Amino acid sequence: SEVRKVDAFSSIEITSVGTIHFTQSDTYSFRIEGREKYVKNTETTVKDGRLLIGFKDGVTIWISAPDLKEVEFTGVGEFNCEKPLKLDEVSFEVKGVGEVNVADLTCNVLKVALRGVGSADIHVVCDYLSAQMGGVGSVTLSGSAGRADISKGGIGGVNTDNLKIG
């Protein structure tokens, strides 16, 4: 289990392979675990408040930050947040092969785009919710949304059976 010093970030982009566990906290923190050859080949950089996780040339990553605006899952793996999350506007994009699991989100605006292969399973209380599943997989939404704009152009399904409108 390696700890890395990282600059303040409010967005996360992962282009390599790995499981991310996110915790909302006033303290920024980055911890990585796995085989030494994969941990040493995992590059982390913060540019203009965006945390970039990629290859230098499967790890488990624990991240904490007070705010989260964008999650761009360009690579392969999972993005998990099981603890309560209170945000303003947050967007989740699965372009690669990914899985987004958010157990307890409160926000103004939620944006979800499953462009690649995978799934998004989110429990949310929000004012506006936007979801699109153009790829191959499924989006499962539960909780409540004041307004919801949902489309499913791809292969799979969008499940909103337990999502309250209003």
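Note that residue numbering begins at 1 and tracks the sequence as displayed.
In the deposited entry, the stretch joining residue 57 to residue 58 is interrupted by 10 or more residues of the deposited sequence lacking coordinates. According to the PDB record, 41-49 carries the higher mean C-alpha B-factor of the two stretches 41-49 and 94-102. Looking at mean Cα B-factors across 29-37 and 119-127, the upper value is held by 29-37. Among the modelled residues of its chain, residue 72 has a C-alpha B-factor that falls in the lowest third according to the deposited record. Looking at the C-alpha B-factors along this chain, the one for residue 24 belongs to the highest third.
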